[PDB]
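Engineer: dropping in the first section of the assembly, placed as in the complex:
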Amino acid sequence: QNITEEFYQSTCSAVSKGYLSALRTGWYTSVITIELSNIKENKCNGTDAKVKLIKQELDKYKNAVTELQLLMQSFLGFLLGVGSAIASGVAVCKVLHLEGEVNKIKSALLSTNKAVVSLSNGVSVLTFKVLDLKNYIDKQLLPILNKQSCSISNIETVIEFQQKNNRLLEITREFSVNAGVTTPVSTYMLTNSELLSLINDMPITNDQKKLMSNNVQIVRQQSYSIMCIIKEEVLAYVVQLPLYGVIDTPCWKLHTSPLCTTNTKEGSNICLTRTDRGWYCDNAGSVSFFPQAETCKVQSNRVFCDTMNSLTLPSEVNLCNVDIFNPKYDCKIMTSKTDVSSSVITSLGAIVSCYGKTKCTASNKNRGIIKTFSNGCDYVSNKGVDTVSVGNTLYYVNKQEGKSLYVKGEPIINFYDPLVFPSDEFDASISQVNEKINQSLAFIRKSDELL
């Protein structure tokens, strides 16, 4: 009673109605800090191998921070309108680039390593100091790295320093590996426990707090982080997390398959597909449409998506799933004249657009070919099948738990007749196709009528 599927043979499409929405309708900034060291150049007249190892670790840190210094930033689906993803994080970083704020933040983070602070620009942020380099470089090496008496026989010193250093070393590596702008953000930028604390300490609802505290595995792919500053003794870098202002809304996915007439002639065929495959999630009384499935992700029953690849479509667009011909909303489709075979993957099955003469088949691992189709839009579930072959592609079927419904109906392609139809339409719709057909009929008849 949570997820299921229904496939309409009326226009040859599948609907997976079980997933629960997770829309990042808000952003959230958090400036993390790591207390650096303006180390004075090391100096030991006389080389012990442990001393050389300590020197090499310090020099590796120095190359890390030199790198960081130099990197301180010194088919429908084509009308969405792109957006500046990194605007908020780099805007906060810019707010930091004003001279005074860094001392304020450092003072606010002197005692603890987590605090809510108000920047110069008014919007409150939450900041961390996860790794402290000043302590373990000042009061653990300098008192024991004296000029001449470089007695560092304790080997484990270098091991502790390396374990407390590799985190920031990978931070600088990722700064230099992703143009200072990376997604996902690795744990060396924010430890998972630190992430849980951040989610628990930020201003969102308790249900959303639990929701985003236990759902890390997708957030990183919906998160971002650019460098802010090394201004004074500290490495400060912003993180951009989501804020689910829309939750607990039942939203679904739409998969598409061509309809065609099935004349024995391989050529002169007429084919129609629904060009609206993607995601529909309900937020504010109208659906949110993601055209390209590369902007949405799946987690069991929670689908996590970013709305910046979304439009808001009227709720009447849902009626395009029952009657594509209704005039309430002009459903979007694409027409073409090429006859070839293929199949598409729904949540619990696959739609075989078996066109031409390819030997399409549905089978299970241990049974083999159990069903053979015949030249047309057909659908098969996942229940007893996990291998559908068309031509030479052998697709698997996701074996999630659900109930499959198959609505019979005469394909609309039957209504469309050849010899008049236009053989080129991708951004077309029902209304546009009908208008063009009426225009062609009027021209043909008036040309004949005038006789």
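Structural biologist: Arrived safely. Numbering: from 1, shown residues only, chains lettered A, B, ... in the order given.
Engineer: please make it C-alpha for all contacts and neighbour counts, starting now.
Structural biologist: Noted.
Engineer: now do the buried residues in stretch A:277-289.
Structural biologist: For stretch A:277-289, burial by neighbour count (16 or more other Cα atoms under 10 Å) applies to A:277-283, A:286-289.
Engineer: where's it relative to the chain centroid, distance-wise?
Structural biologist: 16 Å (Cα atoms, centre = their mean, to the nearest Å).
Engineer: ditto for stretch A:308-326
Structural biologist: 22 Å.
Engineer: which outside residues touch it?
Structural biologist: A:8, A:10-11, A:80-83, A:285-291, A:295, A:328-331, A:430 (Cα atoms under 8 Å, 6 or more residues apart in numbering).
Engineer: would you write a PyMOL line that selects the buried entries of the residues you listed?
Structural biologist: In PyMOL, this line selects whichever of those come out buried by 16+ other Cα under 10 Å:
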select buried, chain A and resi 8+10+11+286+287+288+289+290+291+295+329+330+331+430
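Engineer: so which of the contacts of stretch A:308-326 sit within strands?
Structural biologist: Of the contacts of stretch A:308-326, the ones assigned to strands by DSSP state E are A:8, A:287-290.
Engineer: which among the residues you listed gets closest to residue A:363?
Structural biologist: Checking the ones in strands among the contacts of stretch A:308-326 against residue A:363 with Cα to Cα, the nearest one is residue A:8 at 22.1 Å.
Engineer: and for residue A:353, the neighbour number?
Structural biologist: Neighbourhood size, residue A:353 [other Cα atoms under 10 Å]: 26.
Engineer: what helix or strand is it on?
Structural biologist: strand A:349-354 (DSSP states H and E).
Engineer: chain center to that strand, what's the gap?
Structural biologist: The answer for strand A:349-354 is 26 Å, by Cα atoms, centre = their mean.
Engineer: what residues sit buried inside the top helix by length along chain A?
Structural biologist: Ranked by number of residues, the top helix in chain A under DSSP state H is helix A:49-70. Buried positions in helix A:49-70, judged by neighbour count with 16+ other Cα under 10 Å: A:50-51, A:54-55, A:57-58, A:61-62, A:64-65, A:68.
Engineer: against which helices or strands is it packed?
Structural biologist: helix A:156-175 (3 or more Cα pairs under 8 Å, 6 or more residues apart in numbering; DSSP states H and E).
Engineer: then add chain B to what we have above:
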Amino acid sequence: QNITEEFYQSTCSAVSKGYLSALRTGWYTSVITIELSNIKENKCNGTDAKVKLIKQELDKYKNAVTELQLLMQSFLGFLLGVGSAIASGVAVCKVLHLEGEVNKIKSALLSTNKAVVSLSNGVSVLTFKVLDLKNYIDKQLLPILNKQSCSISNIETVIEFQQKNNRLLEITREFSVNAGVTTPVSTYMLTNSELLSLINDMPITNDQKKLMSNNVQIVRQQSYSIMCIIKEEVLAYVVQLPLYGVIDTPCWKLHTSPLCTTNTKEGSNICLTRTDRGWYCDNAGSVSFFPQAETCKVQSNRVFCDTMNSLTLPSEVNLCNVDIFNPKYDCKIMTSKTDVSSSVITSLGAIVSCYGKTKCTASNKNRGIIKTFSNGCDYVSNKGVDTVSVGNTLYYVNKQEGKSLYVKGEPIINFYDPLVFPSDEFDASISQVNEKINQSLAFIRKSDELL
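Structural biologist: Following on from the chains above, chain B is added here:
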């Protein structure tokens, strides 16, 4: 006598006929295991720095496994029909999520670290236990990590534990860095020698055994691996490898370039291109067509490609490489009215579609401009040339060993005449354009005839 190239001026295209097919026409699952530990909380009243390091390593492992726990997962080229890549691996994982299977798998992997086992779902799988955390956490730290007598003076304990831990630490990092779903799979998911053993021990032919045992460098980009379970004492995760049911078939690549008329007028130009650039590999008596070159990969004379971006086209489509006008198969093309310069790069040459008036040139590193072209498709080889400039782009030419053939012929664009042609066609073909020309001529003449 292995690879060569031939360029047809009839449609301004190039054909690279040397590569040998490697088609993933089958999938193969393998559930890897690593024997975990539900370590009892460590305890030492009195802190020694080595004990501190041991505790930090144990806590790093504990954060790794906390992450693992929390991440539990339950132009032509637009009609292919996408496919579920992760269906088989997550389906096997789901089979594992049944309570009883993990105990059987563990029992079958108690003695060795490689065995073929039959899951509950029927399809036999092969599993390893590459890394064993239970041993080095049970009988080599606990007996030496007693409550009070935490005598761990031996430093190399931590070194050995870290070297046996970093593998699974990277496993969990990658699980949290790729939504538990990554491609390629890093070696910490399957060591290189373990992978050779896996290939040698699984059910494929001896020739294919040698074949894909020595073809590692590409498989990882055709491999996949999602996390299955942490159920009982073990970390188990699936790996999805290809099964080359089609091999030793000589397959080729198609590169495309626009034909146009060469009127002195920059505007009012008419241009046609072959819109079928991509890969053709022969499997079962008909060719397999990959439209977008981002689904096929190259290594010497053997090309490894994924079939889910493949259609099966009639063998007569090969005839589109000799006579685009042949009525056996309607060759696919695109027509447009924009006149600009460009060039394309085949396996052994470069096609300069020098249009407009850009100064196109063919040159070598130590010579410079050696050939200057003039307003149309010209083609140049790789032999003495490795720098072709058009406008301000300066392309290199792949220097593989081959023999170049250049078929002369009058471009079809000459047959097409202006003043009637439609200036918008991307999914068009020879038959479609001919039918549209029929319609335009009939309308123009009947309009004049009725006078």
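Engineer: please look at the buried residues of stretch A:277-289 again, because chain B has been put in.
Structural biologist: Using 16 or more other Cα atoms under 10 Å in any protein chain shown as the test for burial, stretch A:277-289 gives A:277-283, A:286-289.
Engineer: ok, and what's touching it?
Structural biologist: With Cα atoms under 8 Å, 6 or more residues apart in numbering or on different chains as the test, stretch A:277-289 has contacts from A:21, A:246-247, A:249-256, A:290-293, A:296, A:307, A:310-315, A:317.
Engineer: from the residues you listed, which ones fall inside helices?
Structural biologist: Going by DSSP H, the helices hold none of these.
Engineer: buried subset of those, written for PyMOL?
Structural biologist: Of these, the buried ones can be selected in PyMOL as follows, counting by 16+ other Cα under 10 Å:
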select buried, chain A and resi 21+246+247+250+251+252+253+254+255+256+290+291+292+296+307+310+311+312+313+317
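Engineer: that older thread, and the longest helix of chain A, is it in reach of chain B?
Structural biologist: No: judged by Cα under 8 Å from any Cα of the partner chain, helix A:49-70 stays clear of chain B, getting no closer than 14.6 Å.
Engineer: how about the helices in chain A?
Structural biologist: Under the criterion DSSP H, chain A contains helices at A:49-70, A:87-96, A:101-108, A:133-138, A:156-175, A:192-201, A:206-213, A:216-219, A:430-449.
Engineer: what's the angle between the longest one and helix A:156-175?
Structural biologist: This means helix A:49-70. When axes from the mean of the first three to the mean of the last three Cα atoms, to 10 degrees is applied, the directions of helix A:49-70 and helix A:156-175 differ by 20 degrees.
Engineer: and the second one, by the same measure?
Structural biologist: The directions of helix A:87-96 and helix A:156-175 differ by 120 degrees, with the same axes, to 10 degrees as the criterion.
Engineer: and the angle from helix A:87-96 to helix A:101-108?
Structural biologist: 90 degrees.
Engineer: which ones are touching residue A:84?
Structural biologist: With Cα under 8 Å, 6+ apart, residue A:84 has no contacts at all.
Engineer: so which of the contacts of stretch A:277-289 belong to strands?
Structural biologist: A:21, A:246-247, A:249-250, A:252-256, A:290, A:296, A:311-313.
Engineer: so how many other residues sit close to the closest residue to residue A:121 other than its chain neighbours?
Structural biologist: Excluding its sequence neighbours, the residue lying closest to residue A:121 (Cα to Cα, 6 or more residues apart in numbering or on different chains) is residue A:95, at 6.5 Å. Number of residues near residue A:95 (other Cα atoms under 10 Å in any protein chain shown) recorded here: 18.
Engineer: following sequence is chain C, place it on the structure:
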Amino acid sequence: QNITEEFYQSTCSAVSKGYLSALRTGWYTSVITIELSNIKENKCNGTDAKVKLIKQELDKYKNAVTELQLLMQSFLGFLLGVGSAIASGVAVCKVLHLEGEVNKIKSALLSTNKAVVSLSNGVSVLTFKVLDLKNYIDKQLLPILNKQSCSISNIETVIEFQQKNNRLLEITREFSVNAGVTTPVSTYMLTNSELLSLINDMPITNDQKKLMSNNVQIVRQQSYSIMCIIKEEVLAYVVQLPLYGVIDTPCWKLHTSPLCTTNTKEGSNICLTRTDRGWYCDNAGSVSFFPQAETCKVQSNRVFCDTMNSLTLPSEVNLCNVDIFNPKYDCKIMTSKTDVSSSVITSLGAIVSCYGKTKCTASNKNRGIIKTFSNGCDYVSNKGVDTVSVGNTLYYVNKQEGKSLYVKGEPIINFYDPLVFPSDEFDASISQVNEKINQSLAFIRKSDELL
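Structural biologist: Take a look at chain C, now in place beside the chains above:
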């Protein structure tokens, strides 16, 4: 006086005029070397933990080199014409694959670890030997890893070996993680100081030397490196860096937004957009056009971009930013009949194509909705606004420092009248649309006139 923005309401577009060009109009090869070891199999009858650790490190290296061995390298925007990116690097690698050159390269790098050498093929290349495995495997282990007297009590030996090994271990890892072909190249392929030295040493101008010495953060995304050889005692791999033959030219970005009529009817609407969003950079008296923004990158007021996704367009195309109707250059546009809302992001603002009836709004973080638009092309700046919502998407606006100009003008859509316009045009232009409209008018009138 460095960057600003101007938005034309005539065609509903934004121009960001401040960025400075960085065009990779040349390539540069550099073969890096690391002096390997053909280690004789280790042998110690009697197991000490230090000895086992040394053996495990040696075996990890041996698996690294086994991996290396087996991976021996045996909308407008669709007409650009792709190019062989890895041609130069693998061509140099091939030049190395001739038997003798590796000895010359090794000898030329016997004393220092940086030198210019002339390959067999004539084009000079500069090579380093950054990491030396022969020394620390020959004259630091063999004299102290004798058959029986394996007295390696010194623990730090393994630490030094591991720190000098991890670089090449990750080099082989990246060879096997990116099909031997990766971008960006990690620091373990070229230390950042080594990169600065390389830039200071390679043949480019002094201004260009400083220019590419201080700009590492972006270069790696324009760099490439394939495996060349393991021929004799050395691991040699090429690196492919840009050569800015065009610099100090002021170049800009173009952002697009639909124009439409504003009838109360949601259907039967007519819409036009400028289909030329992308990058324009001046190189040789004519502009360079990058259609898809995924081939260009940004840093401060300086844009670093790759030219293989660039065409050379006449300077008159700049006039399409003032008079789209000018006949000098036929400006490229797209027309469609679908009425939906959206917005696009320029360098200092956002263009709201608020169409249909969506509640679009412009707001600041601490102020909220400050501006409400009304059913049409409108534009808003970055100054007092950083939150533009359309429907349910909530975009941020980049807060860079600039001056915003808003040219008023009657949208060209007003001139276009309904009932005759074609509802399908993506690769269309002003001239093509006018020709089609004139054809339709002539047909309608002659049909009526003949009466």
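Engineer: again for the buried residues of helix A:49-70, since chain C is there now?
Structural biologist: For helix A:49-70, using 16+ other Cα under 10 Å, the buried residues are A:49-51, A:53-55, A:57-58, A:61-65, A:67-68.
Engineer: same thing with stretch A:255-270?
Structural biologist: Applying 16+ other Cα under 10 Å to stretch A:255-270 flags A:255-262, A:268-270 as buried.
Engineer: ok, which pair from those is furthest apart?
Structural biologist: So, those by Cα to Cα: farthest apart are A:255 and A:268, at 26.0 Å.
Engineer: roughly how far does residue A:297 sit from residue A:5?
Structural biologist: Using Cα to Cα, to the nearest Å, we find residue A:297 at a distance of 18 Å from residue A:5.
Engineer: my bad, should have said residue A:106
Structural biologist: From residue A:106 across to residue A:5, the span is 54 Å (Cα to Cα).
Engineer: neighbour count winner among these two?
Structural biologist: residue A:5 (21 against 17).
Engineer: make sure that one is actually in contact with residue A:405.
Structural biologist: Yes: counting by Cα atoms under 8 Å, residue A:5 touches residue A:405, with 6.2 Å between them.
Engineer: please name the residues that touch the closest residue to chain B within the stretch 101-250 of chain A.
Structural biologist: When distances are taken as Cα to the nearest Cα, the stretch 101-250 of chain A reaches nearest to chain B at residue A:217, 5.5 Å away. If you count contacts by Cα under 8 Å, 6+ apart, residue A:217 has them with B:70-71, B:176, B:179-180.
Engineer: skip the chain neighbours and tell me the closest residue to residue A:158.
Structural biologist: Distances taken as Cα to Cα, 6+ apart place residue A:54 nearest to residue A:158, at 5.9 Å, with adjacent residues excluded.
Engineer: with residue A:214 instead?
Structural biologist: Using Cα to Cα, 6+ apart, the closest residue to residue A:214 is residue B:70 (6.7 Å).
Engineer: is it true that residue A:161 touches residue A:136?
Structural biologist: Yes: the criterion here is Cα under 8 Å, and residue A:161 meets it with residue A:136 at 7.2 Å.
Engineer: tally of neighbours for residue A:1?
Structural biologist: For residue A:1, the count of nearby residues is 6 (other Cα under 10 Å).
Engineer: oh, I was asking about residue A:399
Structural biologist: Residue A:399 sits with 22 neighbouring residues when counted by other Cα under 10 Å.
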